[PDB]
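For the record, the sequence lines run as chains L and M.
What the first sequence shows, in the entry's author numbering, is residues 305 to 370, 390 to 405, in sequence order.
Anchor point for the second sequence: position 83 equals 341 in the entry's author numbering, and the numbering is continuous, going up by one each time.
First the structure, in the form of structure tokens, and then the observations on it.
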Amino acid sequence: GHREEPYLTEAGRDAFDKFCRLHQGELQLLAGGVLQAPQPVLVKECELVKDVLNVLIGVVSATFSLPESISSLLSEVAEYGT
Amino acid sequence: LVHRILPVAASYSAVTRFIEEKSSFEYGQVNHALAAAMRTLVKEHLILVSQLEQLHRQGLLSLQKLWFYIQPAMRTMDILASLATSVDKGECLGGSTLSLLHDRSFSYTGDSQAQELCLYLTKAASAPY
Numbered sequence: 305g306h307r308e309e310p311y312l313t314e315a316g317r318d319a320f321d322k323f324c325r326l327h328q329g330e331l332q333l334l335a336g337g338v339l340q341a342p343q344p345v346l347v348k349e350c351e352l353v354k355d356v357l358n359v360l361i362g363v364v365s366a367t368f369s370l390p391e392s393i394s395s396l397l398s399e400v401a402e403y404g405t
Numbered sequence: 259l260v261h262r263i264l265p266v267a268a269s270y271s272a273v274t275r276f277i278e279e280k281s282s283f284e285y286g287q288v289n290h291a292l293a294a295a296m297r298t299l300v301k302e303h304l305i306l307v308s309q310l311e312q313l314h315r316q317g318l319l320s321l322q323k324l325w326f327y328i329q330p331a332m333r334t335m336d337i338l339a340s341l342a343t344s345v346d347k348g349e350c351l352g353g354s355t356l357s358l359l360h361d362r363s364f365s366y367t368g369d370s371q372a373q374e375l376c377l378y379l380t381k382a383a384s385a386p387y
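Here you go:
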């Protein structure tokens, strides 16, 4: 056996997140320092759920002060707690 | 999160001092009875925390779970602390500490949870007068 070198559209959860930071770096190069969009990591899933459910109680957190599309998904429920 | 939970701790220390101070002879006949009726409400506040501690022995308790459990005690000790400070700040002895409790019974009339606590304290404080 010598398998079919993971076709892209099926191989994710590491290779897609690697891949997100690749297209992010590409856009940053096409801008050239004038974009500089970091933090393509961090953290986990369940603790983020307890975090956002805590935001509904008014609570402050590590990312709530007072890929990369989770900021938009997070704003939709952040403005609920405000 | 513990900053949100600590108001019931602050509303406990200002109740035990009121009962410890107004159990002295100089405070008449009725302010004795007002500090008398609050201690059956101190008993339940302790019983919840001992039951939560014995539950915490089994590891089946969380900080969010505890904050869910103590929600009635946060209200009941707050009404007792409000009555405690209202009797202390304006000096209320005898009939004057019988008027203020009748006022708070009219303040809470539609909740029926804080009314019943306050109406219990009125009938208990009205016994000597």
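A virtual CB, placed ideally from N, CA and C, is assigned to each residue, including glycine.
Residue-chain proximity (residue i, chain L), Cβ-Cβ < 8 Å
{"i": "residue 259 of chain M", "result": "yes"}
Beta-carbon proximity list for residue i, same chain, < 8 Å, skipping 5 on both sides
{"i": "residue 367 of chain M", "result": "373"}
{"i": "residue 339 of chain L", "result": "331 and 332"}
Residue i - DSSP class collapsed to helix/strand/coil
{"i": "residue 296 of chain M", "result": "coil"}
{"i": "residue 350 of chain M", "result": "coil"}
{"i": "residue 323 of chain M", "result": "helix"}
{"i": "residue 315 of chain L", "result": "coil"}
{"i": "residue 348 of chain L", "result": "coil"}
{"i": "residue 323 of chain L", "result": "helix"}
{"i": "residue 311 of chain M", "result": "helix"}
{"i": "residue 361 of chain M", "result": "helix"}
{"i": "residue 270 of chain M", "result": "helix"}
{"i": "residue 340 of chain L", "result": "coil"}
{"i": "residue 337 of chain M", "result": "helix"}
{"i": "residue 382 of chain M", "result": "helix"}
Beta carbon proximity, residue i to chain M, threshold 8 Å
{"i": "residue 363 of chain L", "result": "yes"}
Buried or exposed by the 16-neighbour rule on C-beta atoms within 10 Å, applied to residue i
{"i": "residue 350 of chain L", "result": "exposed"}
{"i": "residue 313 of chain L", "result": "exposed"}
{"i": "residue 335 of chain L", "result": "exposed"}
{"i": "residue 266 of chain M", "result": "buried"}
{"i": "residue 343 of chain M", "result": "exposed"}
{"i": "residue 366 of chain L", "result": "exposed"}
{"i": "residue 341 of chain M", "result": "buried"}
{"i": "residue 405 of chain L", "result": "exposed"}
{"i": "residue 345 of chain M", "result": "buried"}
Same chain, Cβ closer than 7 Å to residue i, five either side skipped, listed in chain order
{"i": "residue 277 of chain M", "result": "293, 296 and 297"}
{"i": "residue 385 of chain M", "result": "291"}
{"i": "residue 363 of chain M", "result": "373, 376, 377 and 380"}
{"i": "residue 353 of chain M", "result": "387"}
{"i": "residue 336 of chain M", "result": "269"}
Contact belief for residue i with residue j at Cβ below 8 Å, rounded distance in angstroms
{"i": "residue 360 of chain L", "j": "residue 403 of chain L", "result": "6 Å"}
{"i": "residue 338 of chain M", "j": "residue 288 of chain M", "result": "In fact, because the Cβ distance is near 17 Å, the residues do not count as touching under 8 Å."}
{"i": "residue 321 of chain M", "j": "residue 259 of chain M", "result": "6 Å"}
{"i": "residue 356 of chain M", "j": "residue 286 of chain M", "result": "That belief does not hold up - the Cβ atoms of residue 356 of chain M and residue 286 of chain M are roughly 10 Å apart, past 8 Å."}
{"i": "residue 314 of chain M", "j": "residue 270 of chain M", "result": "Actually they do not touch by this definition, with Cβ atoms about 19 Å apart."}
{"i": "residue 306 of chain M", "j": "residue 324 of chain M", "result": "About 10 Å; that fails the 8 Å criterion."}
Contact set for residue i: own chain, Cβ-Cβ below 6 Å, skip 5 residues either direction
{"i": "residue 280 of chain M", "result": "289 and 293"}
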